[PDB]
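Next up: a single chain in structure tokens, the form deposited in one PDB entry.
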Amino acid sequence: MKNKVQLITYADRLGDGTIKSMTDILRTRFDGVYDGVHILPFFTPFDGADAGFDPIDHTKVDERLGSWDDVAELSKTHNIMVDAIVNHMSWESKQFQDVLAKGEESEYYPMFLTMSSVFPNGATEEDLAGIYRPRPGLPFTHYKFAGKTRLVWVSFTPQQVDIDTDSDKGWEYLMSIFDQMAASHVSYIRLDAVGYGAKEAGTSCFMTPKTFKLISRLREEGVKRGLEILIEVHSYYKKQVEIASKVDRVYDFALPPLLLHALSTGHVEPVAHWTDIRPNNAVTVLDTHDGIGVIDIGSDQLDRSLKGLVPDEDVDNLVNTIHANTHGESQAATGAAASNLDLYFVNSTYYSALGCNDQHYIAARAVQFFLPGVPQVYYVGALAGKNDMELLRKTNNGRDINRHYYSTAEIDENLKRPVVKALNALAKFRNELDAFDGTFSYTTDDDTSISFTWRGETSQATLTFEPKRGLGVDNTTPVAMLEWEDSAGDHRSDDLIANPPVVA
């Protein structure tokens, strides 16, 4: 996967509301900045319950957004990452409606998982109890096949029915999706809910062998079409390092909350630790289109005894430091869990989570870009955006606080801000200097300082990071220093907003 910075955006929430308008904004206002892009699901429909992840037809672009040819057009300039939902589909898909009508008789009946599919001899209490759940209850709901009442496997909502991926119709279906992906020249595929995709009795049905088997099968099928695979997994971090070894790429989900901590406190050990132990076949992010996941660095969900990269109190003080820095907006948006070790995500923008502090933000981005992996930026953070309370109050959907519909006017108006210009400058720097295609080294003091070093062929760079040097939401003291070597020799930057870095 190309080592240039990628952008993450909705088609309709950046520009006029379309794939072409998106491509326009991307080409005209971001050239050299984002050389690649991740387009969040654009299939039929895009405006549903879960904002694209519950398509009715995965194979077809929403005709309000565009077509496949808009995708193919965009492939010529930019590398493109797209979503493939491999675990489930709409109960309003023709395939499932057909099973509903004809029951066993045909033809899609085997495509779909039931309790009998996995558990032909019954299930124990322990059988069902041990299953990993992103959502509450049992992963089963009631539906009627022809006339007979059936329990159908459901991982997330009763509306998204789980496919048996080892079956022929199920595989035939996933391959209809890849074939269309390759036809429009997608580079990179995000495999969604793939952790949950393989069910075997007596297991947690989450990241078991049968699942790796499925992933490697999908990998080989992808490389055959020139598609690299990427898995999205929120879990206990040791499982993450476990998983990460046996696949091509993964998200780095630890770093954003880690940076929130360090900018909050000034303790950098945890980060020197993560730098030492993190998997480097990664995609790095700060913000995504879901909330800030705190479960990643916390204690394990099933067994509270396995402790993260900080104490449970420091996770509590993180959820509450966000709540405080945004003066209660995340409270409005994050539904209360009665405790903070029970939270998955804290819904807020990563600018707001910093109390709209520019020095802290830009430092965070710097560190993200210095660590090994391919960096991604989300449109809202590319625009350094604040929490949107109107939509949140419009839709009552927590995650909409971090998804703002940006018209072109708003983009060009937010483009004027110095922090936005510093971020742009910094991506361009990350893209143009060849030192990053090189080798990575790091140094730490104890707590006060960490230095990240890259050395390439014609060029060198080092970023030193000291959150102790200034503290607090309104503190304007630069916490990151930069030095580098290129055609023009040894250069330096002690403030990354006012004195942004350029290459020769």
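Just count from 1 along the sequence shown to find any residue number. In this text, the rigid core denotes the largest set of C-alpha atoms whose superposition between the two forms falls within 1.5 Å.
J.: Return whichever of 9 to 17 and 481 to 489 has the greater mean Cα B factor according to the PDB record.
T.: Per the deposited B-factors, the answer is 481 to 489.
J.: Per the record, averaged over C-alpha atoms, which has the higher B-factor: 170 to 178 or 231 to 239?
T.: Stretch with the greater average CA B-factor: 231 to 239.
J.: Tell me, please, which of 78, 403, 416, 217 has the highest C-alpha B factor according to the deposited entry?
T.: Answer for 78, 403, 416, 217: 416, with the highest C-alpha B-factor.
J.: Would you mind checking which of 70, 447, 57, 62 has the top Cα temperature factor in the PDB entry?
T.: Spelled out: the listed residue with the top C-alpha B-factor is 447.
J.: Looking at the entry's B-factor column for C-alpha atoms only, identify whether residue 85 ranks in the lowest, middle or highest third of its chain.
T.: Bottom third by C-alpha B-factor.
J.: Give the position of residue 466 by CA B-factor within its chain, expressed as the lowest, middle or highest third.
T.: As the PDB entry reports it, the C-alpha B-factor of residue 466 lands in the highest third of its chain.
J.: Ranking every modelled residue in this chain by its Cα temperature factor as given in the entry, which third contains residue 22?
T.: Ranked within chain, residue 22 CA B lands in the lowest tercile.
J.: For the chain shown, is the CA B-factor of residue 245 in the lowest, middle or highest third of its modelled residues?
T.: It belongs to the highest third of the chain when residues are ordered by C-alpha B-factor.
J.: Within this chain, which third does the Cα B-factor at residue 257 fall in: lowest, middle or highest?
T.: CA B-factor rank for residue 257: middle third.
Just so you know, the form deposited in another entry exists too; it's not on screen, but the next bit is about it.
J.: Superposing on the core, which single option in 174, 343, 363, 82 has a CA shift of 2 Å or more between this form and the one not shown?
T.: Of all the options, the C-alpha that shifts by at least 2 Å belongs to 343.
J.: Checking residue 410 here: with the core superposed, does its CA move 2 Å or more between this form and the one not shown?
T.: After core superposition, the displacement of the residue 410 C-alpha between this form and the one not shown stays below 2 Å, so no.
J.: Once the core is aligned, does residue 247 move its Cα by at least 2 Å between this form and the one not shown?
T.: Result for residue 247: yes, a 2 Å-plus shift.
J.: Using a superposition on the rigid core, decide whether the Cα position of residue 421 changes by 2 angstroms or more between this form and the one not shown.
T.: No; that C-alpha moves by less than 2 Å between this form and the one not shown.
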